[PDB]
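Below you'll find the structure, written out as structure tokens, and then a few comments.
Both backbone and side-chain heavy atoms feed into the values below; hydrogens, waters and symmetry mates do not. Order of appearance sets the numbers: ligands from 1, and atoms from 1 within every ligand. Position 1 is the first residue of the sequence; numbering continues from there.
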Amino acid sequence: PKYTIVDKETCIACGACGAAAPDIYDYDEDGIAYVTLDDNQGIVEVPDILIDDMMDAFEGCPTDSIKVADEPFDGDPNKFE
Ligand code: SF4
């Protein structure tokens with residue numbers, strides 16, 4: 001499976017990821033992206049049909065703030081660093 005999460009500390013509120021994958025990423029009041037599937041906890045598996053959109057958003061993020069993994073993040077966007 002695949003899991004995703006936003007490191008909100010490095011996000012620059014550019015708007016690209018919600019356009020590339022609107023069913024996965026949205027923005028808080030401050031314009032900072034988060035994963036709507038699981039309230040940015042990195043615990044809900046991304047549906048198979050959405051993986052291509054997720055990878056588009058991941059590759060397109062200017063500051064490498066979107067994370068992807070094959071194992072849950074359990075709330076920590078920096079788990080795999
Ligand atoms: S693409 Fe990256 S920097 Fe831009 S809003 Fe999404 S997470 Fe933030």
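- Atom 4 (Fe) of ligand 1 has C14 SG as its protein N, O or S neighbours under 2.8 Å.
- Salt bridge present: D28 and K8 bring a charged side-chain N and a carboxylate O closer than 4.0 Å.
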Checklist entry - Stepwise, does the side-chain contact (heavy atoms from CB on, under 4.5 Å) test hold for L37 with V46? => result CA-CA 8 Å; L37 300 173; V46 176; 4.0 Å; yes
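- With 3.5 Å as the limit, one finds no donor-acceptor pair spanning the side chains of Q41 and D38.
- Using a cut-off of 4.0 Å between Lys/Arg side-chain N and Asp/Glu carboxylate O, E71 and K2 are scored as not salt-bridged.
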Item to check | side-chain contact (heavy atoms from CB on, under 4.5 Å) between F73 and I43, intermediate numbers included | outcome: CA-CA 6 Å; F73 292 87; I43 61 175; over 6 Å; no
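- With a 6.0 Å radius and a threshold of 12 heavy atoms from other residues, nucleotides or ligands, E9 has its CD atom at or below the threshold.
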